[PDB]
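Taking the form deposited in one PDB entry, here's one chain by itself in structure tokens.
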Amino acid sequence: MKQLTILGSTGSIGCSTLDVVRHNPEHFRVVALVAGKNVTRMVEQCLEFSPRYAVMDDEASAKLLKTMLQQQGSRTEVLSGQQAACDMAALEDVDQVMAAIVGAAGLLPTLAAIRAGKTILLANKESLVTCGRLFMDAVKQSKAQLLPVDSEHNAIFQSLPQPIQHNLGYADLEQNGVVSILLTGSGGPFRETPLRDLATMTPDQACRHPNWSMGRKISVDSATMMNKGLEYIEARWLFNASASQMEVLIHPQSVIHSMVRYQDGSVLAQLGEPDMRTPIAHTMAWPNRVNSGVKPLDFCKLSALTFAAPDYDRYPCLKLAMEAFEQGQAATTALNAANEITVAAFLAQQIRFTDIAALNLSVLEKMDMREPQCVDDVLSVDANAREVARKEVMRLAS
């Protein structure tokens, strides 16, 4: 029986996680839930899973949640604030922590889960893009077990050897028969449009906080393969791989989610339906399995599997991301920050598509910052880079 804390229970990953709990009330039990302002949804989950505690963004929200739960017979106790989240991640009884809170707000709470040595279900992969060094170091110390939730990372993890799985982050690939990691993907035709996505979003698989403004940034990051690059930066930290132990492959149908190349010629891969309950069910039941309510992949109703090396010429960002990794976390944090701004600039037609990679590049060159020492320097580099990218994006719009 595994007890767990969910950081960001009112997002896509959150409800997905709970549904795995729902189908397996005999293997899991929510100890605490953490969210932002979504009171209504929070109440639902508390009534259904009877968590010990529940944390919201601010007290105004905590109070409302505290009232509704009260006038509805709920033993759950309510708290609020960032520190309370961090404390929820370190509770003694907690075995796993689903780190599904994106952005800065997710850094400290996630770091505290590691500090405490909890099994960490990494679902905010974007945090390794900036605090890769910090998180991975802290992991090495507490021996906290990392289990990637993202689709490709989880595929790689599932395809690696036991010794590397049990010591994710600080093990050695050469010593364990691993020649390279094959990060797969598809972007250009950037897999699917945010338009076709909205059209096929069913009435229950929409726990994902709306924000249409985001699905657009994602598709742009997918057209420039900047998303592949962040996956690259991330993959290198998690698996502790070198530039020469990484291989990027374009795979259109997305059936194979990523693979691992071995010394004897063998290559291991994980395949499956695009449902996020598979990766999630995997990390939660590791090192065993559980049903996630996902359909078995049907090999008869599939399209041909294709592969191709990316054309680093049509997609400068991917090469730019791979290059920043070599320049350290200051470079990666900067690259990420500038991209946020330049992509927004492009959507707001202030610049052209092609200027994204250009501006991103110019920004990295104009900056000269040191390697972030803690979550606070990362944020400093972040904010510092967002400023330059802005002073730049306007000097062009003129």
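Between two forms, the rigid core is defined as the largest C-alpha subset superposing within 1.5 Å. Numbering starts at 1 and runs along the sequence shown.
In what follows, reference is made to the form deposited with a small molecule bound, a form of this protein that is not presented.
- Heavy atoms of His282 never reach within 4.5 Å of the small molecule in the deposited bound form, leaving it off the interface.
- In the deposited bound form, the small molecule sits within 4.5 Å of a heavy atom belonging to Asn211.
- Using a 4.5 Å cutoff between non-hydrogen atoms, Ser254 counts as a contact of the small molecule in the deposited bound form.
- Interface residue remark: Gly293 is not counted as part of the site for the small molecule in the deposited bound form, having no heavy atom within 4.5 Å.
- Judged by heavy atoms within 4.5 Å of the small molecule in the deposited bound form, the contact stretch among the candidates 224-232, 306-314, 162-170, 282-290 is 224-232.
- Taking a 4.5 Å heavy atom cutoff to the small molecule in the deposited bound form, the contact residue among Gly177, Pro274, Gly328, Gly117 is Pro274.
- Residue-level contacts in the deposited bound form: of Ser186, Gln145, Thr76, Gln158, one residue has a heavy atom within 4.5 Å of the small molecule, and it is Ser186.
- Just one of the listed positions, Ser242, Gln162, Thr202, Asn288, moves its Cα by at least 2 Å between this form and the one not shown when the rigid core is held fixed, and it is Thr202.
- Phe299 is not among the residues whose C-alpha shifts by 2 Å or more between this form and the one not shown once the rigid core is aligned; its shift stays under 2 Å.
- A displacement of 2 angstroms or greater separates the C-alpha positions of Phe190 between this form and the one not shown, with the rigid core held in common.
- Once both forms are fitted on their core, a CA shift of 2 Å or more is seen for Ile351 between this form and the one not shown.
- The distance between the CA atoms of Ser9 and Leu195 is at least 3 Å longer in the deposited bound form than in the form shown here.
- In the deposited bound form, the separation between the C-alpha atoms of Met214 and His257 shrinks by 3 Å or more relative to the displayed form.
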